[PDB]
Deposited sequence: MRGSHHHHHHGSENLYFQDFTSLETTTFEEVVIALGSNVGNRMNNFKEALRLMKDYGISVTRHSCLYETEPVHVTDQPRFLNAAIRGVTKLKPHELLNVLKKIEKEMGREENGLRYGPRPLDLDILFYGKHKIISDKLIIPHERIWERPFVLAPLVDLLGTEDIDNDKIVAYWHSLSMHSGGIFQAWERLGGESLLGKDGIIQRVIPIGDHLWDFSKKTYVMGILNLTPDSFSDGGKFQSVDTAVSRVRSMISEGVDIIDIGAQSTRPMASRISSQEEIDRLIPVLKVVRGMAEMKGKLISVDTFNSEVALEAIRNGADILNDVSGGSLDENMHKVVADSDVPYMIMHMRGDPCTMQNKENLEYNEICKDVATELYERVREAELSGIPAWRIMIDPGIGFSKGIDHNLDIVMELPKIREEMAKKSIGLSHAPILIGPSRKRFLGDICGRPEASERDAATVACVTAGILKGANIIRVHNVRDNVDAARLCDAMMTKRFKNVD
């Protein structure tokens, strides 16, 4: 009926991400249902060349098509996009057993010595979830030196391969650029619209001189919200000071999402509408999702929502995570999220290793819990507590911090990044 497959994607030709976007469409139409996307990888060349760097990924899906039928749809997509060849599609795994034909070694022995194949492969697999992931145990056993796919990766260098002096980098695509949200801590400054246009621009100008990276503009009724957001969105986007800076926008209203994307919003931050998945699917914008036994609860809660999002055509490689600090009505839960960020990632890794590597944004800034712990009932008096909390979260792995006081938190990010530099 349906056989589970894993296909690798590779491109260093044209708009590399357009090729991957196109391949994913033609895969759907020609009878391939993609259930899981890997993270995106940008691989350095291991020899001297003037060629562009490769973008490498992998997908996992169900298909009726037989091996030779499937291979021919991939060869078809390859030629059809080609009218040098833009896009490599390779079958990594078909069903449960090794296939051999004239040219069809599935899985080829090369995949256990290619980090740009193995890293994205690993992301499609959970470390536990054996209950619901029956086919994976077989893939593991097709490894040439045993210990599963996971130990093949480890043999190559595992996660040590990504980072400072890395062969290869996990990257998030934002329009025409690739951002490595793991290379340093990115600081997202809050610009709130209910505490006008001229104040907004001077706020932003100040955040930019304070060291900010990303501007979070957040504003309920579908038109009221368009009327407040879109004008300042337009202005902020045009600012000369905002060249090569990102803008996230905070909404749950698909119509605000669509209008914001159209008007220069780089990241869309949902907090929760089935129209939304569709808006974010047509677009090329990163999709940040917020969370609604704490580690396990947050992991699985998040996972369920990412599985939903992948299935509705939103790859995991442009999905970002906020565990939702300071929505929990209590101290102990908020401290856990910050201090147990690596544990949340293990719990995510159990269902999806890819999601375990997704960039994580924390927003502790002047939340009540800092107040209750430090005796700061005035929000504005909670900045020193916020620097401390943000320093903890970065040390426990956070990649983005959502802050009110840009300068003080930037000083903390710059220091955390110097401290965590391996030396």
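Unmodelled regions of the deposited chain sequence (numbering from residue 1, in sequence order): 1 to 26, 110 to 117, 230 to 239, 264 to 272, 326 to 329, 350 to 365, 497 to 501.
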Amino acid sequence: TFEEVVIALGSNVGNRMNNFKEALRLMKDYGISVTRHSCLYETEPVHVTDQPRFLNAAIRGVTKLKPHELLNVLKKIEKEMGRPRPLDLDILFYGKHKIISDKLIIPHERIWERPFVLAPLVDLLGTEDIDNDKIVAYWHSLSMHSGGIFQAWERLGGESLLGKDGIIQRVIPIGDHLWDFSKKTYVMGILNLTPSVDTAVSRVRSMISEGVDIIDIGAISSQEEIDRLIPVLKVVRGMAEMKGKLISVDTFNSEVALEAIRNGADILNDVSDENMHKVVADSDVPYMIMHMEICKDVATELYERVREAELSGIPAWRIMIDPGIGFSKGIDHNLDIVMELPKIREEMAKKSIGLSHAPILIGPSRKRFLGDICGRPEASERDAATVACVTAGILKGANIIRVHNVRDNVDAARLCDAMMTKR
From here on, numbers count along this sequence of modelled residues.
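Between 72 to 80 and 222 to 230, it is 222 to 230 that carries the larger average Cα temperature factor according to the deposited entry.
Checked against the record, the higher mean CA B factor of 32 to 40 and 352 to 360 lies with 32 to 40.
Of the candidates 56, 63, 365, 391, the PDB record gives 63 the highest C-alpha temperature factor. Comparing C-alpha B-factors across 215, 162, 276, 117 in the deposited entry, the largest value falls on 276. Looking at the C-alpha B-factors along this chain, the one for residue 102 belongs to the highest third. For residue 183, the recorded CA temperature factor ranks within the lowest third of the chain's modelled residues. When the modelled residues of the chain are ordered by their C-alpha B factor, residue 322 lands in the lowest third. Annotation for residue 244: CA B-factor lies in the middle third of the chain's modelled residues.
Ranked against the other modelled residues of its chain, the C-alpha B-factor of residue 167 as given in the entry falls in the highest third.
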